[PDB]
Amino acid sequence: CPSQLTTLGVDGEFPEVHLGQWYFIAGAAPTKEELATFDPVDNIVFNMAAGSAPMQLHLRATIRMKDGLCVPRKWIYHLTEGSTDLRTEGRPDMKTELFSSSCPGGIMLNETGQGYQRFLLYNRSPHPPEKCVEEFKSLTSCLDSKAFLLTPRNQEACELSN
């Protein structure tokens, strides 16, 4: 260990490049309780799009549960003025920071809320090379987030409109 943690900033375009679909690959956190929300998940496809009011972004997803069910979700994020952090509507305690990852099609989030933090790994590919997952696990372990979750991604993605 020692960060090679590299921030992606939107205070400085980031939006246009990151539009479209992303897959949830893995999470890491100080303990398992703060990842357990993902235990029933087989896979998740997300779609990010521009918002319709200043500083807003639309995030949509469909979650494939391990029991085969498809569950639509949506959130509205807000870019904090003069900051690299994002807020999420309806969750006043929550903050998200974005980081580059070792793999080309990847992106890493750190989420914090009341009492917890977690790192979350996404990729443009639903099945990125195993090296991407390993590098994520190593980076986060060194940052003291040693509890780990890998999404199994054994089922098909659910439908999510463009």
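Position 1 is the first residue in the sequence shown; the rest follow in order.
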field: Unresolved deposited residues in the interval that joins residue 2 and residue 3
entry: 1 to 3
query: Which fits the stretch between residue 12 and residue 13: none, 1 to 3, 4 to 9, or 10 or more deposited residues lacking coordinates?
result: 1 to 3
- line: Comparing mean C-alpha B factor in the record for 32-40 and 117-125, the higher one is 32-40
- request: Could you check the entry and say whether 56-64 or 129-137 has the higher mean CA B-factor?
  value: 129-137
message: According to the Cα B-factor stored in this entry, which of the following is highest: 143, 17, 147, 25?
response: 17
statement: Here the Cα B-factor of residue 48, set against its chain, lands in the third termed middle
